[PDB]
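In order, the protein sequences belong to chains A and B. Oh and the first sequence: position 74 is 617 in the authors' numbering, straight run, nothing missing. Oh and the second sequence: position 3 is 57 in the authors' numbering, straight run, nothing missing. Even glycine gets a Cβ: it sits at the ideal position worked out from N, Cα and C.
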Amino acid sequence: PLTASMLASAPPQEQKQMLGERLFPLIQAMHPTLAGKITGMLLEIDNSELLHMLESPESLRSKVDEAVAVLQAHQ
Amino acid sequence: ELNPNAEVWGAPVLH
């Protein structure tokens, strides 16, 4: 269960990994095969926003829907 | 804006 304080103290090089491990299973529940791709897309967003998404299903849904729209337009 | 070319996260490296 991730706070901003715990994430920011981790080495910048492992922060995205910590967020990914938490985001991927949440996304996989919506998109069972596209979860890795969508997670990769979302990981480019600021960590502050990503932390909010982990705690708020509605914010995560809206970002996932945005990634899927983008993928739909690229084949 | 999100990037459609962002890499697949968590894909295992095997042969």
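With respect to the alpha helix (DSSP H) encompassing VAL607 (chain A), which residues constitute its N-terminal and C-terminal limits?
-> Within the first sequence, residue 607 (chain A) is the residue found at index 64, counting from 1. Looking at the DSSP string, the run of the alpha helix (DSSP H) that includes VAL607 (chain A) is 600–615.
Close-in-space but distant-in-sequence residues of the same chain around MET561 (chain A) (CB under 8 angstroms, 5 per side omitted) | Reading the first sequence from its first residue, position 18 is the one you call residue 561 (chain A). Answer for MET561 (chain A): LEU545, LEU550 and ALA553, listed in chain order.
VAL613 (chain A) versus chain B: which residues are under 9 angstroms apart at the beta carbon?
-> The residue you call residue 613 (chain A) lines up with position 70 of the first sequence. Chain B residues near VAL613 (chain A): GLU55, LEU56, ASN57 and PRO58.
Taking Cβ-Cβ distances shorter than 7 angstroms, what residues in chain A pair up with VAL62 (chain B)?
-> Indexing the second sequence from 1 puts residue 62 (chain B) at position 8. Those within 7 angstroms of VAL62 (chain B) in chain A are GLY579, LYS580 and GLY583.
Separation of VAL611 (chain A) from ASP589 (chain A), as counted between CA atoms = Translated into positions along the first sequence, residue 589 (chain A) becomes position 46. Translated into positions along the first sequence, residue 611 (chain A) becomes position 68. When rounded, the distance between both Cα atoms is 19 angstroms.
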